[PDB]
Amino acid sequence: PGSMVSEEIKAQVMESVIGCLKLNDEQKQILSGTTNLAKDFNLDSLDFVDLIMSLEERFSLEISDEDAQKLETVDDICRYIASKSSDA
């Protein structure tokens, strides 16, 4: 359901999120790129912070307060991070 997206970063964002909120076999089996990990998993404002900060420092990306305002779903996030990178 998405190839144009940065498959390289996709593994990093997903790998960080999984361990960020510690997902189980079920959550990992019921996860998807078009699934708001914030609403679906009902992540806490604290977790989200560590998430954006983790990926931000990871790819040394420059994320703002409003930028994240439109980044809740995996696809959306990965897309925003990919658009900043070079890898297709």
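Output the residue which, of all residues in segment 41-66 that are acidic (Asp, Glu) and under 13 Å from the mean Cα position of the chain (by Cα), is farthest from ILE18 (Cα to Cα).
So, considering only residues that are acidic (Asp, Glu) and under 13 Å from the mean Cα position of the chain (by Cα), the one farthest from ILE18 (Cα to Cα) is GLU56.
Look at segment 27-73 and say how many of its residues are touching a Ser or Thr at 6+ places or on another chain (Cβ under 7 Å) and exposed (fewer than 13 other Cβ atoms within 10 Å of the Cβ).
So the answer is 1.
Taken together, the values in this text are just the output of simple stated rules run on the coordinates, not laboratory data. Heads up, the Cβs are rebuilt from the backbone with ideal geometry, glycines too, and the neighbour counts pull from every protein chain shown.
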